[PDB]
């Protein structure tokens, strides 16, 4: 009959977002939940206007809710995502995130990404991988480098039972 006196909770307004994920200006993150072992991350992202990210091939599902702003996938320009929009993206899909230059402000999203992200250029050249582990390393480094006093939830690696 386990204890748990406190809830595993993170207030995203009590600390500034980690700036420039992987050194990419315009992509600010606030980590919430990171499980590198089951390949799962739940994050809040804050996107600057005028961004065009690389093509992201998804190995698992993506659940995304746009709180505010605007963004669209290069391939589907007539289906812009704005306040209150939800998107389910299955594994095996590949699209390219864009924030229009004409956005007056930040585009705010919360998403749940399963699996890994394999990054390509529009012409198919492999750029790199981004799994929960990789992102966590930048996060932990960003927390130190930017002197941010934020906390997030993380799943430990499985081991032999005690």
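Positions refer to the first chain, counted from 1.
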Of 151-159 and 2-10, the one with larger mean CA B-factor: 2-10
Within-chain third of residue 102 by Cα B-factor, per the entry: highest
Chain third (lowest, middle, highest) by recorded CA B-factor, residue given as residue 65: middle
Where the record places residue 94 (Cα B-factor, split into thirds across the chain): highest
B-factor third for the C-alpha atom of residue 108 within its chain: middle
Chain-wide C-alpha B factor ranking for residue 42, given as lowest, middle or highest third: lowest
